[PDB]
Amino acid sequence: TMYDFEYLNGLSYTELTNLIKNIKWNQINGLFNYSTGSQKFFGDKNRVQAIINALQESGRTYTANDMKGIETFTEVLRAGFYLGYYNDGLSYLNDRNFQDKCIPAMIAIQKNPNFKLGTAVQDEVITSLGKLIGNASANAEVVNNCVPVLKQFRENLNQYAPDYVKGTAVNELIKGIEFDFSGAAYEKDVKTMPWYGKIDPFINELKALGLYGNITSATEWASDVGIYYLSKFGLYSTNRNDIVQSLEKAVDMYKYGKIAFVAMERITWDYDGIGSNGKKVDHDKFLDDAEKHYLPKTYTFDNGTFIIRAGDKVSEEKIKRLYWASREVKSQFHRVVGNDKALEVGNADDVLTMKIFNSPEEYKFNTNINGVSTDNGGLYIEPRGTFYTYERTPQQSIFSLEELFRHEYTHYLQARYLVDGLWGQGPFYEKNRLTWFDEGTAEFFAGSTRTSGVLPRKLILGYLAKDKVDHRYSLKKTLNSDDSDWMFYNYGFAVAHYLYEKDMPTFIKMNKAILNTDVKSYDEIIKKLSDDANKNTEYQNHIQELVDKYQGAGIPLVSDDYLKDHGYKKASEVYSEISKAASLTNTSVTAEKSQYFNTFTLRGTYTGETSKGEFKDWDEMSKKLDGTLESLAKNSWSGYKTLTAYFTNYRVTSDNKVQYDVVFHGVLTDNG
């Protein structure tokens, strides 16, 4: 039941056409393939004509039960024109004049009483017709005959548009006609087409579909097709402004929904961005208004250097937590990195803007508004200082808003304080180096806590619960990556945590390398780690130790204690009490105004005893400082529970005394 061209070419036309009528197109071997047999088959102007005629007779007789092989009769012809496009010698099939020979057959299908939606056959006939037009020709007479089908589809819009078959049929029918028409007037004058100004009944049928109004989630696409192709076919309308008016009506009708954005795109691209009144439509303003609709609320923190623009449905509690969460990750990150001063002067990240949508659905419009992928839980655009996300439920996503935010916040920090230059575009990216690092350390810093350094996050330990066999990445494999499975980031984290807990010296040396822009240093470290097999066993067991921690693991989240009304504490007191408790010298402070509270940032020097070595110093400094935060929180002022602290710029005095710049940040309830 599988046929070759070298068999079909020997058959009579009468025999051939009859055969095609009762076989499927895929039964022909190499139909769309260019062969010596294919060239010979379609090279016969009479044979193709016989096929065209056989189609015409099939279209004149077909019923609801039998298709009379119209699908097969259309695909062979499609193969003909397709091969006539890409190969010389069949270039007569490329000429539209010959393609017009299909129109008499097309008309026959349309004049059949069975030319409507109904049974699977009837639907596939419209589909097959539509696909043919795209490769062949349409004139205007055939276009206008599609009206009763569009009317039929439109009249039962709420029943047919959710189905794939009928829906696909109408879409293919329109899409195909548009394809033929545009390609015909590619650079030619539009005013000189055989159909120009004659397809008004068809155009009007698209207005009706496009401007349907009463749409659901199931039928939105249908009116979308209506509007999109109202614009496209409207180019062949004797009235420009009439169409534009309908497109303007589409905007007003479905305001700040998919079809609004489509209609506005249609005005700017198809109609020079000129209104029906004849004045330039301000597309920017539309997007500006659309964003204000979805992000109506603003919350300003840190003297305006931390702005959350958010949907009307996102809780004010979350807004506050997200501020406080930023402050934890910040502190932990700064401890490990040892720099809090920004690398570049006058950047975007001087203001961190976060745009949070009400939900994933509403989130999608961001890509219309700000032109950034929205196929994600959230995204940090560095050149903009901007983090786009949406509030989510526990069902919509397994990460929550804060869990996600803590993760992405780290990317802002990495770009601002760690990687000199444009993030992803420096010497460190000339080769694949930081793939595990950037994504890995961020999964990791998301685990930040107020008084307990950085902890692992349950859910991630949850992933590592899988097959120990192979699968579990080696230290060599993790550091060096084009393709790698989703688990790559989970083992990337396993490294960052391994280094943190089991080997700080390395982890610190690594960050200093990035910080100082020393690729040579960084590579030497990655080489040492990958070449040493003992460091892999250290790592392999640590992954097991993380898998061991999962059962009783938590998710680091900002505490309810942050949101409490702490009450007035005098400013001068807080500073003194902190300065003494942390043995700080030469202190200065800045107060910053926020939306719901004020905050202070205390900057001091701490000089300790004699040095125990950089990395032992860091460990002790951490323990001493986390100790100072916990002791201050034993005080009666609830405010000390909002405190976060870090230390940077490690050095040693002429007399070998430990030295750090130390920073405290917390709530300020004193106004004066």
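Numbering starts at 1 and follows the sequence shown.
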Residues of the deposited sequence that sit between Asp482 and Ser481 yet are not modelled:
1 to 3
Once you work out the mean C-alpha B-factor for both 270-278 and 495-503 from the entry, which is higher?
270-278
Which wins on mean Cα temperature factor, 233-241 or 427-435?
233-241
Using the temperature factors in the entry, find which of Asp350, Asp561, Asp532, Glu443 has the highest value at its Cα atom.
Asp532
Highest CA temperature factor in the entry: which of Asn156, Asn303, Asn376, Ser223?
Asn156
Could you say whether, by C-alpha temperature factor, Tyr646 belongs to the lowest, middle or highest third of its chain?
lowest
Ranking every modelled residue in this chain by its Cα temperature factor as given in the entry, which third contains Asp420?
lowest
Taking only the Cα B-factors deposited for this chain, tell me whether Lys624 sits in the lowest, middle or highest third.
lowest
Going by what the PDB entry lists, where does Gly311 fall on CA B-factor within its chain: lowest, middle or highest third?
middle
Could you look up the Cα B-factor of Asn635 in the entry and say which third of the chain it sits in: lowest, middle or highest?
middle
